[PDB]
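The next block holds one structure in the form of structure tokens; read it before the comments.
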Amino acid sequence: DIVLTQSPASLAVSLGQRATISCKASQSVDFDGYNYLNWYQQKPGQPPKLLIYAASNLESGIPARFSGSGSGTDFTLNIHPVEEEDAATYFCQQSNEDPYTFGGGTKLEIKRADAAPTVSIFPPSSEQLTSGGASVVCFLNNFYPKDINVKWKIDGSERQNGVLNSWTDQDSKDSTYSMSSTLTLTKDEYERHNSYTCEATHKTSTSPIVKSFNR
Amino acid sequence: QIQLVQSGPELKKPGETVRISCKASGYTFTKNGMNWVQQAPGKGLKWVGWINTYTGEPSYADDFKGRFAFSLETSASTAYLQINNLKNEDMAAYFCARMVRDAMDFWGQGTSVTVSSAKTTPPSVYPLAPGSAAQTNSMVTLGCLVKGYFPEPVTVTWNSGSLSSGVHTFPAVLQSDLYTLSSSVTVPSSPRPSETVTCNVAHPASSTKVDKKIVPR
Amino acid sequence: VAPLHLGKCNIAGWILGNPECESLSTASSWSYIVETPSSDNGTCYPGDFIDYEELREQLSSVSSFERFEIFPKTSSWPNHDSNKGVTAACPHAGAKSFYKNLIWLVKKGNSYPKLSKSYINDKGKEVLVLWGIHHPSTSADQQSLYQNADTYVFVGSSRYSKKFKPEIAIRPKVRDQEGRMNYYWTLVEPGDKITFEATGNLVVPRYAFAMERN
Ligand SMILES: *[C@@H]1O[C@H](CO)[C@@H](O)[C@H](O)[C@H]1NC(C)=O
């Protein structure tokens, strides 16, 4: 194969700045003065979107802030300036020789606000307590950066089992992250305690943010 | 309007075979080739192969010559990717994309393939209501919980799509061969105690649809 | 008789083997030719067709037209790779390709030896042989593709003789190509031997055409 590479894995670029991604192929992906290098954008849950081809020509309908340059084995992707919808993952792919090979992929991160999460706690519904179980949910929305963790306190004592954490990717129009922590317990284990507390640790707060209810 | 639509998800036990589809629309199916790419989240992309929709001769990567084939339907305008036997590997999304300028331009819908001997399980919908406040927020947060279903995916909407702002859907987390994911919506505090807010869930694998109204506590 | 009707293509791209220029006439006895026209004036690679009008007046009043493989790709070029000689200027379904009647040889590994093939025309008819001489744009495109800066081609025959040589120069952009590629042709008489001799820049024949006329 003609293995490409990744530089860098991820980079957090502020809004209005210049985000440069560069990828280097093991072999020369050029021929007859033509470079068969392509760039793609893939927002989560969506198929990769063509941006640039061969290796500087912009695809019709792509904003002008995207620009690709290079020749031989050293190529670059330039975004000038950076928006908030540009939060996605970028790959570089060649077509000089079979098989076609994709790059390691670069995930771009937008930086702004540096905000704190919005916490909401939900008790077990009536429908789920009939099935013999009980799941307590805590939502963390519109926070940045993504670095965060959650502790579950039952009557003041910590719990770490049945914990199903699930982050979202960076928001397209808000550039913020969201997390959901699910604490699953049986019906009998849920009815013997009264205080349920989930608390998160985020850099925008020295002390944990607490949100609790009483059964 | 160039369209490349791919059949819905597929759940097959290890060792069977699959026949994924790709329907061409908005352009001449001939005069352009069809690429196939394998996407496993985090693991990046891998180029399956390429099929010359005029000559009909395929070209595969080295990691697929043997169990993967390309077949065309040209009278009708469809391309197929057949996988067999399915080791529990190749557990990933599959895209059909078009040749234009030695690149790929109009990628396809997406065909998430799952390979497990487990059984189809419709979900159990649980409404998530606050039930307590202190007049401290002009905005409240609801929730709809979907727990214990198989396989992916599920479609969660609010009031059949009328509530789109302030909606968050968290990706599922697999545990004990069953997925669990939760959703949220943020509307003011004036419409909620009066106007009906309904969670709408659709599990296309079991052909089951459940609507859950959010009732205060 | 009836004229030959080409589809999507002029005589240039039709007989050059241009992809996307697949006529369907299957007539082997036409009188003159009628050509649907387009942007790639046959030559999907920027170049000049030598003695074109001489070829137009040859491909006319035809009473037979067998197309055979003069230089079989699989068993003709051991020291040079027949693959890899494709560019995005001559695509086939959005994928780089090349003329299906010509093979674009490039150096195998890091060596381009002195090729020398010969066809002696066991056909009982005039055989149309087409070839091409690539003219790179840079002195590096030469070494990278052919490794020999002092290359030459020599097509020789009883009726034809001509020594070729690259003409490296930056040509104006045409189809994202700053180089050129001229095409030539000749009639090999029954029983005559047409020689090929090159150390680079030879787009070698693959398919020829036996034919009678009138
Ligand atoms: C194509 O050929 C015609 C004559 O047949 C010539 O006038 C024209 O300029 C050529 N195309 C271009 C782009 O020059």
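Residue numbering restarts at 1 for every chain of the structure tokens, chains are lettered A, B, ... in their displayed order, and ligands are numbered from 1 as they appear.
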
Contacts between ligand 1 and chain C, please, where a residue of chain C counts if it comes within 10 Å (with only C-alpha atoms and all ligand atoms); show its shortest atom pair and distance in Å to one decimal, rows by chain and ascending number, as a tab-separated table.
residue	atom	partner	partner_atom_place_in_ligand_line	distance
C:10	CA	ligand 1	5 (O)	8.9
C:37	CA	ligand 1	5 (O)	8.5
C:38	CA	ligand 1	1 (C)	8.0
C:39	CA	ligand 1	13 (C)	6.4
C:40	CA	ligand 1	11 (N)	7.6
C:41	CA	ligand 1	1 (C)	5.1
C:42	CA	ligand 1	1 (C)	8.7
C:43	CA	ligand 1	1 (C)	9.6
C:46	CA	ligand 1	13 (C)	10.0
C:174	CA	ligand 1	13 (C)	8.8

Can you write out as a tab-separated table which residues of chain B fall within 7 Å of chain A, alongside each residue's closest atom pair and its distance in Å to one decimal, counting only C-alpha atoms and ordering rows by chain and ascending residue number?
residue	atom	partner	partner_atom	distance
B:44	CA	A:104	CA	6.5
B:45	CA	A:102	CA	6.1
B:46	CA	A:102	CA	6.4
B:47	CA	A:100	CA	5.9
B:61	CA	A:99	CA	5.2
B:102	CA	A:95	CA	6.2
B:103	CA	A:38	CA	6.5
B:104	CA	A:50	CA	6.6
B:105	CA	A:50	CA	5.2
B:107	CA	A:47	CA	6.0
B:108	CA	A:47	CA	6.7
B:126	CA	A:125	CA	6.2
B:127	CA	A:125	CA	6.1
B:128	CA	A:122	CA	5.6
B:129	CA	A:122	CA	6.2
B:130	CA	A:122	CA	5.7
B:141	CA	A:120	CA	6.8
B:170	CA	A:168	CA	5.7
B:171	CA	A:166	CA	6.5
B:173	CA	A:166	CA	6.6

Residues of segment 129-199 of chain C classed as strand (DSSP E or B) by DSSP on the backbone are to be reported as a PDB file with N, CA, C and O atoms, in the first residue's frame.
ATOM      1  N   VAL C 129      -1.299   1.355 -38.083  1.00  0.00           N
ATOM      2  CA  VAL C 129      -0.607   1.330 -36.800  1.00  0.00           C
ATOM      3  C   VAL C 129      -0.541   2.754 -36.275  1.00  0.00           C
ATOM      4  O   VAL C 129      -0.045   3.650 -36.965  1.00  0.00           O
ATOM      5  N   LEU C 130      -1.027   2.958 -35.055  1.00  0.00           N
ATOM      6  CA  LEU C 130      -0.980   4.253 -34.395  1.00  0.00           C
ATOM      7  C   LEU C 130      -0.048   4.183 -33.195  1.00  0.00           C
ATOM      8  O   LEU C 130       0.041   3.155 -32.519  1.00  0.00           O
ATOM      9  N   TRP C 131       0.638   5.291 -32.928  1.00  0.00           N
ATOM     10  CA  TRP C 131       1.480   5.403 -31.746  1.00  0.00           C
ATOM     11  C   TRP C 131       1.506   6.858 -31.301  1.00  0.00           C
ATOM     12  O   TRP C 131       0.919   7.736 -31.938  1.00  0.00           O
ATOM     13  N   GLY C 132       2.197   7.107 -30.198  1.00  0.00           N
ATOM     14  CA  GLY C 132       2.245   8.436 -29.618  1.00  0.00           C
ATOM     15  C   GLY C 132       3.584   8.691 -28.972  1.00  0.00           C
ATOM     16  O   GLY C 132       4.223   7.778 -28.441  1.00  0.00           O
ATOM     17  N   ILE C 133       4.007   9.950 -29.013  1.00  0.00           N
ATOM     18  CA  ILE C 133       5.284  10.387 -28.461  1.00  0.00           C
ATOM     19  C   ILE C 133       4.973  11.388 -27.365  1.00  0.00           C
ATOM     20  O   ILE C 133       4.556  12.518 -27.651  1.00  0.00           O
ATOM     21  N   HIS C 134       5.184  10.996 -26.114  1.00  0.00           N
ATOM     22  CA  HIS C 134       4.910  11.912 -25.019  1.00  0.00           C
ATOM     23  C   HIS C 134       5.964  13.011 -24.972  1.00  0.00           C
ATOM     24  O   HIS C 134       7.163  12.756 -25.118  1.00  0.00           O
ATOM     25  N   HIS C 135       5.502  14.243 -24.786  1.00  0.00           N
ATOM     26  CA  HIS C 135       6.380  15.389 -24.591  1.00  0.00           C
ATOM     27  C   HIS C 135       6.167  15.929 -23.181  1.00  0.00           C
ATOM     28  O   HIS C 135       5.238  16.718 -22.954  1.00  0.00           O
ATOM     29  N   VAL C 153      12.813   8.095 -29.799  1.00  0.00           N
ATOM     30  CA  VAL C 153      11.994   7.050 -30.391  1.00  0.00           C
ATOM     31  C   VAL C 153      12.362   6.975 -31.862  1.00  0.00           C
ATOM     32  O   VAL C 153      12.732   7.977 -32.480  1.00  0.00           O
ATOM     33  N   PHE C 154      12.278   5.773 -32.418  1.00  0.00           N
ATOM     34  CA  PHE C 154      12.494   5.573 -33.848  1.00  0.00           C
ATOM     35  C   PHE C 154      11.488   4.534 -34.325  1.00  0.00           C
ATOM     36  O   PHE C 154      11.655   3.338 -34.071  1.00  0.00           O
ATOM     37  N   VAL C 155      10.449   4.991 -35.012  1.00  0.00           N
ATOM     38  CA  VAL C 155       9.566   4.101 -35.751  1.00  0.00           C
ATOM     39  C   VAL C 155      10.099   4.030 -37.171  1.00  0.00           C
ATOM     40  O   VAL C 155      10.286   5.059 -37.827  1.00  0.00           O
ATOM     41  N   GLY C 156      10.380   2.822 -37.634  1.00  0.00           N
ATOM     42  CA  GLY C 156      10.917   2.629 -38.963  1.00  0.00           C
ATOM     43  C   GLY C 156      10.143   1.568 -39.714  1.00  0.00           C
ATOM     44  O   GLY C 156       9.634   0.608 -39.136  1.00  0.00           O
ATOM     45  N   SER C 161      10.033   6.363 -42.108  1.00  0.00           N
ATOM     46  CA  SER C 161      11.180   6.410 -41.211  1.00  0.00           C
ATOM     47  C   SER C 161      11.217   7.780 -40.560  1.00  0.00           C
ATOM     48  O   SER C 161      11.069   8.797 -41.245  1.00  0.00           O
ATOM     49  N   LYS C 162      11.418   7.804 -39.245  1.00  0.00           N
ATOM     50  CA  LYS C 162      11.418   9.061 -38.510  1.00  0.00           C
ATOM     51  C   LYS C 162      11.943   8.850 -37.097  1.00  0.00           C
ATOM     52  O   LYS C 162      11.463   7.975 -36.370  1.00  0.00           O
ATOM     53  N   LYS C 163      12.927   9.650 -36.708  1.00  0.00           N
ATOM     54  CA  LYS C 163      13.488   9.617 -35.367  1.00  0.00           C
ATOM     55  C   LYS C 163      12.840  10.721 -34.544  1.00  0.00           C
ATOM     56  O   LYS C 163      12.836  11.886 -34.956  1.00  0.00           O
ATOM     57  N   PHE C 164      12.276  10.352 -33.402  1.00  0.00           N
ATOM     58  CA  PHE C 164      11.606  11.297 -32.523  1.00  0.00           C
ATOM     59  C   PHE C 164      12.504  11.644 -31.344  1.00  0.00           C
ATOM     60  O   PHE C 164      13.504  10.981 -31.074  1.00  0.00           O
ATOM     61  N   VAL C 174      -3.949  22.926 -20.354  1.00  0.00           N
ATOM     62  CA  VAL C 174      -5.085  22.386 -21.092  1.00  0.00           C
ATOM     63  C   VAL C 174      -5.445  21.068 -20.421  1.00  0.00           C
ATOM     64  O   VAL C 174      -4.665  20.110 -20.470  1.00  0.00           O
ATOM     65  N   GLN C 177      -2.922  19.910 -17.939  1.00  0.00           N
ATOM     66  CA  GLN C 177      -1.723  19.315 -18.516  1.00  0.00           C
ATOM     67  C   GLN C 177      -0.844  20.424 -19.068  1.00  0.00           C
ATOM     68  O   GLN C 177      -1.288  21.208 -19.915  1.00  0.00           O
ATOM     69  N   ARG C 180       2.460  17.745 -23.611  1.00  0.00           N
ATOM     70  CA  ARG C 180       1.733  17.398 -24.822  1.00  0.00           C
ATOM     71  C   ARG C 180       1.939  15.920 -25.126  1.00  0.00           C
ATOM     72  O   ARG C 180       2.588  15.191 -24.374  1.00  0.00           O
ATOM     73  N   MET C 181       1.362  15.477 -26.240  1.00  0.00           N
ATOM     74  CA  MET C 181       1.497  14.097 -26.684  1.00  0.00           C
ATOM     75  C   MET C 181       0.988  13.974 -28.111  1.00  0.00           C
ATOM     76  O   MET C 181      -0.220  13.852 -28.333  1.00  0.00           O
ATOM     77  N   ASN C 182       1.891  14.018 -29.083  1.00  0.00           N
ATOM     78  CA  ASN C 182       1.482  13.915 -30.471  1.00  0.00           C
ATOM     79  C   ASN C 182       1.222  12.460 -30.834  1.00  0.00           C
ATOM     80  O   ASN C 182       1.758  11.534 -30.221  1.00  0.00           O
ATOM     81  N   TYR C 183       0.389  12.267 -31.847  1.00  0.00           N
ATOM     82  CA  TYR C 183       0.023  10.942 -32.316  1.00  0.00           C
ATOM     83  C   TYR C 183       0.341  10.830 -33.799  1.00  0.00           C
ATOM     84  O   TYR C 183       0.243  11.805 -34.551  1.00  0.00           O
ATOM     85  N   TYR C 184       0.747   9.638 -34.211  1.00  0.00           N
ATOM     86  CA  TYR C 184       1.172   9.395 -35.578  1.00  0.00           C
ATOM     87  C   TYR C 184       0.540   8.100 -36.062  1.00  0.00           C
ATOM     88  O   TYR C 184      -0.088   7.364 -35.298  1.00  0.00           O
ATOM     89  N   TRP C 185       0.721   7.823 -37.349  1.00  0.00           N
ATOM     90  CA  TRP C 185       0.154   6.625 -37.944  1.00  0.00           C
ATOM     91  C   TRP C 185       0.889   6.324 -39.238  1.00  0.00           C
ATOM     92  O   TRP C 185       1.584   7.179 -39.788  1.00  0.00           O
ATOM     93  N   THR C 186       0.727   5.095 -39.717  1.00  0.00           N
ATOM     94  CA  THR C 186       1.346   4.688 -40.969  1.00  0.00           C
ATOM     95  C   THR C 186       0.645   3.437 -41.472  1.00  0.00           C
ATOM     96  O   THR C 186      -0.023   2.730 -40.714  1.00  0.00           O
ATOM     97  N   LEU C 187       0.814   3.169 -42.762  1.00  0.00           N
ATOM     98  CA  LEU C 187       0.268   1.974 -43.389  1.00  0.00           C
ATOM     99  C   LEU C 187       1.393   0.972 -43.614  1.00  0.00           C
ATOM    100  O   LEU C 187       2.337   1.249 -44.362  1.00  0.00           O
ATOM    101  N   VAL C 188       1.296  -0.179 -42.957  1.00  0.00           N
ATOM    102  CA  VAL C 188       2.262  -1.257 -43.126  1.00  0.00           C
ATOM    103  C   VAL C 188       1.766  -2.167 -44.241  1.00  0.00           C
ATOM    104  O   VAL C 188       0.717  -2.808 -44.108  1.00  0.00           O
ATOM    105  N   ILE C 194       7.452  -3.388 -39.633  1.00  0.00           N
ATOM    106  CA  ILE C 194       7.499  -2.077 -38.994  1.00  0.00           C
ATOM    107  C   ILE C 194       8.224  -2.232 -37.665  1.00  0.00           C
ATOM    108  O   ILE C 194       7.790  -2.994 -36.794  1.00  0.00           O
ATOM    109  N   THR C 195       9.332  -1.520 -37.516  1.00  0.00           N
ATOM    110  CA  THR C 195      10.171  -1.606 -36.333  1.00  0.00           C
ATOM    111  C   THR C 195       9.838  -0.483 -35.361  1.00  0.00           C
ATOM    112  O   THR C 195       9.486   0.626 -35.764  1.00  0.00           O
ATOM    113  N   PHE C 196       9.962  -0.779 -34.073  1.00  0.00           N
ATOM    114  CA  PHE C 196       9.879   0.231 -33.029  1.00  0.00           C
ATOM    115  C   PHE C 196      11.133   0.154 -32.175  1.00  0.00           C
ATOM    116  O   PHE C 196      11.597  -0.937 -31.837  1.00  0.00           O
ATOM    117  N   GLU C 197      11.674   1.318 -31.830  1.00  0.00           N
ATOM    118  CA  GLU C 197      12.914   1.404 -31.068  1.00  0.00           C
ATOM    119  C   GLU C 197      12.850   2.663 -30.223  1.00  0.00           C
ATOM    120  O   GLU C 197      12.740   3.765 -30.769  1.00  0.00           O
ATOM    121  N   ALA C 198      12.916   2.509 -28.904  1.00  0.00           N
ATOM    122  CA  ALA C 198      12.789   3.667 -28.033  1.00  0.00           C
ATOM    123  C   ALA C 198      13.461   3.391 -26.701  1.00  0.00           C
ATOM    124  O   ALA C 198      13.561   2.242 -26.261  1.00  0.00           O
TER     125      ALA C 198
END

Output as an MDAnalysis selection string all residues of segment 5-52 of chain C that backbone DSSP marks as helix (DSSP H, G or I). chainID C and resid 11:15 52

Restrict the distance test to only C-alpha atoms, flag each residue of chain C within 10 Å of chain B, and return the flagged residues as a list in words.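 On the chain C side, the interface is residues 20, 87, 88, 89, 91, 92, 93, 94, 95, 96 and 97 of chain C.
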
Neighbours of chain A in chain C at 10 Å, counting only C-alpha atoms, as a PyMOL selection string: chain C and resi 84-89+95-96+136-138+140-142+144-145+176-179

Pull C-alpha atoms from the residues just selected and write them as a CSV table (one decimal), in the first residue's frame.
chain,number,residue,atom,x,y,z
C,84,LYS,CA,0.6,2.8,-14.4
C,85,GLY,CA,0.5,4.6,-17.8
C,86,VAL,CA,-2.8,6.3,-17.1
C,87,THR,CA,-3.7,9.9,-16.2
C,88,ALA,CA,-6.8,11.8,-15.1
C,89,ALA,CA,-6.9,13.6,-18.4
C,95,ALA,CA,-11.2,7.0,-12.8
C,96,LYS,CA,-7.9,7.7,-14.5
C,136,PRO,CA,6.8,16.1,-20.8
C,137,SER,CA,6.7,19.6,-19.4
C,138,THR,CA,9.7,19.5,-17.0
C,140,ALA,CA,12.1,16.1,-13.9
C,141,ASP,CA,8.9,14.6,-15.3
C,142,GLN,CA,11.3,13.0,-17.8
C,144,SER,CA,10.8,10.4,-13.0
C,145,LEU,CA,8.9,8.7,-15.8
C,176,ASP,CA,-4.6,20.4,-16.2
C,177,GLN,CA,-1.7,19.3,-18.5
C,178,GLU,CA,1.4,21.4,-19.1
C,179,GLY,CA,2.8,18.7,-21.4

Rounded to one decimal, what separation in Å do you get between atom CA of residue 69 of chain C and atom CA of residue 29 of chain C? 20.0 Å
